[PDB]
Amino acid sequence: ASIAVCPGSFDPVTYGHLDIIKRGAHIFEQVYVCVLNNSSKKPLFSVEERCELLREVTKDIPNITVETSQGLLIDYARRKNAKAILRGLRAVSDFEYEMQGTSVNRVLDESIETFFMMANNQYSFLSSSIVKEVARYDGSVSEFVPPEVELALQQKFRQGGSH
């Protein structure tokens, strides 16, 4: 089967994430975008908000299905019958954290491979963190995220919260 999963916290999805997602969807027949709740940090948006943003920004790409999962990414991948997990590599610093993750996944299921794509174009400088900071301080994020994400950030920062 030509099936792959693109996991991430996507908080929020940016044009850099979307480039990885579309490149993956161009290679594989079906691509599952999985919002992983997992984290070494507290997310700005909930899982459900992140999922809906993702659905809206990829609705015209037919071989993309956006879902969220309860368990391990490696079991979600098996459930989808996916043979590859796709991740982007922006900088040299993305190295070690990605290496541990793939080392663990390889032990849990060595029949599922982790493929890294380099962010090798004009979105390489961006990150979710840079977009959230800019947004929090009233800067423009239109060159960084889809219009739907820009609006969700305006809405999120108008609400009171741990931010």
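When you see a residue number, it is the position in the sequence shown, counting from 1.
The stretch 33-41 shows the higher mean C-alpha B-factor when 100-108 is compared against 33-41 in the entry.
Higher mean CA temperature factor, per the PDB entry, when comparing 3-11 with 153-161: 153-161. For the set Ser129, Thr65, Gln122, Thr114, the PDB entry puts the maximum C-alpha B factor at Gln122. Looking at the C-alpha B-factors along this chain, the one for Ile74 belongs to the lowest third. Among the modelled residues of the chain, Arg87 sits in the lowest third by CA temperature factor in this PDB entry. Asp138: CA B factor lies in the lowest third for its chain, per the PDB record.
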